[PDB]
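Each of the two blocks below gives one form of the same protein chain as structure tokens; they are labelled structure 1 and structure 2.
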Structure 1
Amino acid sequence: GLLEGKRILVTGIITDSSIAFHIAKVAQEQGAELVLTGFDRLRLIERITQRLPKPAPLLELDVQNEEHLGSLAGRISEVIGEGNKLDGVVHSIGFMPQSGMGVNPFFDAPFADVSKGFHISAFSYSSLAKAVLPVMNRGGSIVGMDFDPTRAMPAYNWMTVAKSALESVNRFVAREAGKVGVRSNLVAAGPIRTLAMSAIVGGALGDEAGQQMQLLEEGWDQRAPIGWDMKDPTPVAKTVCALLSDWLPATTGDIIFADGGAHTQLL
């Protein structure tokens, strides 16, 4: 397989619609041996991870918890063996309180909420890299998930700002990881119908945000020269696996778009 024998840490599974669930599924199908992390609802997460193709141990990780981060390498070493290291790490983690993403006015998001969203969505890409690099092999690969924030848009609001920050963090992570022969890259995915995204369709964020999301999705598939299926996470998972593989060995600090080509077309 594409990832035969590689040991890969996958963060960010919470449901079977999580992008990270599909990353993990494809990685296992491609021969990878996974370690998974979960935040908060560990019992619920294990129910989900048992439906992956193969067994994988689950470790707790709250990226705001410095004790979790400081112990993470040693906890990984306990499960993969002290003499073994990881070849890949996937950051598939994001959060922004409703005040910063949705129908609340952009100007009205309190700093404490934006700061928490920035912590989880952008700063933690650096935190995770710092925590895992001591147990990563030379030639390894760190991959995070992005949503193209080059231009402003309805509703995404401060999450857009967090993604812009994340892209900048990735370039500095690449500097540090490169010293020990590890690549760092983001995959900028088009919109994917997770459970939360289905709730937006149903008006959970507000009817206005629901209309804006539909407008975005229809235009995305239209613009994309090869189309875009929001209900199919597999192309995104495959692209992450491509970056975890040895087939893009000279790409780092970079952003690879798994978006149907939509961002290359104006209309």
Structure 2
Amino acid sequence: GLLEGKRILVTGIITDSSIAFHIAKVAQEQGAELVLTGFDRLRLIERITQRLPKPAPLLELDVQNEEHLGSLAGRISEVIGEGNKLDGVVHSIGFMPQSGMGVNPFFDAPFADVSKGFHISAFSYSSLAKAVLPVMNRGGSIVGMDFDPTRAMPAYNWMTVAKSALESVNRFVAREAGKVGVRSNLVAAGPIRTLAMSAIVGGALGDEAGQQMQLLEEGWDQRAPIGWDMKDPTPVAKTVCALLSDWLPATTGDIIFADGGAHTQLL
């Protein structure tokens, strides 16, 4: 297996459409031993994670909760064994209140909403790394999920701003993680049908949300030289597992695109 014998923490499962669910699934198929975290809906997440190929312990983690973060490393050590450390950590956590996305006016998002979105979507990448690095092996790998924010675009609005901040945070986490021999990278994915993608069509009434998703998928698949399927998270999941493996050992502070090549083409 690609990740045989590696112990990996996977955040961000909420439904079995979640990108983290497919990251966790491929990682287990490739021999990894997982620890999972879940936010808020722990009973529902526990049932969801039973659909994964192999059993894995589930820990509660709200990245806005400094008590959760401060106890996380010790809670991880309790489940993986006294003398054991993590080899990989997956950040697959994002949120932006409704006012910050969809057809809602960009100028009308109140700061309290945008700040919450920045906290969960960008600041928390530093928060999670700070919490887990003490229980990470040298040679380890932290990977976060990104959506290319180089250019502005409709509907993504303030979540785009949060991703721009996340990219910057990743470069600084790589400085800290490198002091202990750990890599830090983002995977910039093309669009995937998840709960997150439903936030993007927020405000659309009627068949508008469906047709907006149709236009998004059509244009992405068109630009991508090898095509793009928003219903298939497996290629993104594999890319994350590639970064969690030992096969990109000189890549850190970086962004690896898993978008079908769409961002390299203009029409």
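Definition used throughout: the rigid core is the maximal C-alpha set that superposes within 1.5 Å between two forms. Structure 1's sequence is the ruler for residue numbers, which start at 1.
*Which of 239, 212, 30, 49 is displaced between structure 1 and structure 2 by 2 angstroms or more at its C-alpha, rigid core aligned*: So the residue whose C-alpha moves 2 Å or more is 212.
_Core-superposed comparison between structure 1 and structure 2, residue 70 Cα displacement 2 Å or beyond_ = Shift of 2 Å or more: no.
*For residue 202, decide whether the Cα shift between structure 1 and structure 2 is 2 Å or greater, given a superposition on the rigid core.*
Where the cores coincide, residue 202 still shows a C-alpha shift between structure 1 and structure 2 that is 2 Å or more.
*Once the two forms are fitted on their rigid core, how many angstrom does the CA of residue 101 move between structure 1 and structure 2?*
C-alpha shift for residue 101: 1.0 Å.
*Once both forms share the same rigid core frame, by what distance in Å has the CA of residue 158 shifted between structure 1 and structure 2?*
Residue shift at the C-alpha: 0.3 Å.
_Keeping the rigid core superposed, can you check how far the CA atom of residue 82 moves between structure 1 and structure 2, in angstrom?_
Comparing the two forms, residue 82 shifts 2.1 Å at C-alpha.
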